[PDB]
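Peer 1: Can you read through this structure? Questions will come right after.
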Amino acid sequence: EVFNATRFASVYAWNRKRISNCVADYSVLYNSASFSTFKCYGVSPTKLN
Amino acid sequence: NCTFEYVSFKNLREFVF
């Protein structure tokens with residue numbers, strides 16, 4: 001609902017959604033080809049699930 | 001600044017917090 005949402009806000013006024021109390025898997029971010037760029041900087045991508 | 005949110009005589013109800 002934050003990645004497949006219909007409308008987003010601008011870059012100067014961006015939407016801030018606090019995600020907590022759930023399961024962070026991120027595998028849909030690795031396998032899906034709908035993304036053009038996917039870069040993790042502070043943490044290795046595979047050590048998240 | 002919300003960090004969590006959840007939404008679901010005759011009687012004696014005891015509680016411990």
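By convention in this document, the chains of the structure tokens carry letters A, B, ... by their order, each chain's residues are numbered from 1, and ligands are numbered from 1 in the order they are shown.
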Taking only C-alpha atoms into account, what are the residues of chain B at most 9 Å from chain A, put as an MDAnalysis selection string?
Peer 2: chainID B and resid 2:4
Peer 1: Can you list, as a PyMOL selection string, all residues belonging to chain A that DSSP tags as helix (DSSP H, G or I)?
Peer 2: chain A and resi 27-31
Peer 1: Which distance in Å separates atom CA of residue 9 of chain A and atom CA of residue 34 of chain A, to one decimal?
Peer 2: 19.7 Å
Peer 1: Taking 3 positions as the minimum chain separation for residues in the same chain, which residues sit within 8 Å of residue 26 of chain A when counting only C-alpha atoms? Answer as a PDB file with N, CA and C atoms, in the first residue's frame.
Peer 2:
```pdb
ATOM      1  N   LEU A  29      10.799  -6.984  -2.908  1.00  0.00           N
ATOM      2  CA  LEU A  29      11.623  -5.921  -3.473  1.00  0.00           C
ATOM      3  C   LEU A  29      12.805  -6.491  -4.247  1.00  0.00           C
ATOM      4  N   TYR A  30      13.287  -7.673  -3.857  1.00  0.00           N
ATOM      5  CA  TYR A  30      14.389  -8.296  -4.585  1.00  0.00           C
ATOM      6  C   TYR A  30      13.901  -8.949  -5.871  1.00  0.00           C
ATOM      7  N   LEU A  48      18.179  -8.857   5.871  1.00  0.00           N
ATOM      8  CA  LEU A  48      17.047  -8.036   6.284  1.00  0.00           C
ATOM      9  C   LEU A  48      15.857  -8.881   6.724  1.00  0.00           C
ATOM     10  N   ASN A  49      15.742 -10.099   6.194  1.00  0.00           N
ATOM     11  CA  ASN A  49      14.647 -10.990   6.552  1.00  0.00           C
ATOM     12  C   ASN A  49      14.927 -11.798   7.813  1.00  0.00           C
TER      13      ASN A  49
END
```
Peer 1: So how many Å separate atom CA of residue 5 of chain B and atom CA of residue 17 of chain A, to one decimal?
Peer 2: 13.5 Å
Peer 1: Report, in Å with one decimal, the straight-line distance from atom CA of residue 33 of chain A to atom CA of residue 6 of chain A.
Peer 2: 18.2 Å
